[PDB]
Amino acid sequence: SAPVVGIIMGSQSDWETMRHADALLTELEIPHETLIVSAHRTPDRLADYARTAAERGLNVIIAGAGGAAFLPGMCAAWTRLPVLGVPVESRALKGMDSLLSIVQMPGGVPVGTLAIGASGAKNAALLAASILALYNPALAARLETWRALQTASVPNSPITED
């Protein structure tokens, strides 16, 4: 029941995107927690969350942020755990600011970045799953099955109907 993955985002507005990561982890039966931590508004909350993540049993952290997106990066600065970042699409720059802010981490502090938006949130969950599967045979089996189904479920031709 104890969470092994932590999904964090700066505000409620990010949930529309981050819910996809939540849904996928639940689908693959991966225990996790979902919280709001703002790098700009609650920097001390972030410091404490990231600093204690390992001892609390978390193995992976999935952080979503848009615009001047610091959440994934600053989180990674305080934890040795692998941190995955989801660029949340921004209004004006369509997530380009979100993407560059997260992916361009200088050497020494990594953040595995996923695609902008929903697809990135879902993939962050899947990447976290593939990480946990390395040492969890049962989960590895569920993931393999999930991937196999995805492949087998692709249609052979498009519905070309007018």
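The first residue of the sequence shown is number 1, and the count goes up from there.
- The mean Cα B-factor in the deposited entry runs higher for 52 to 60 than for the other of 97 to 105 and 52 to 60.
- Relative to its counterpart among 6 to 14 and 136 to 144, 136 to 144 has the higher mean temperature factor, C-alpha atoms as listed in the PDB entry.
- Ranked by C-alpha B-factor against the other modelled residues of its chain, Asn123 falls in the lowest third.
- In the PDB entry, a CA B factor belonging to the lowest third of its chain's modelled residues is recorded for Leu114.
- When the modelled residues of the chain are ordered by their C-alpha B factor, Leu24 lands in the highest third.
- Per the PDB record, residue ranking by Cα B-factor puts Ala129 in the lowest third of the chain.
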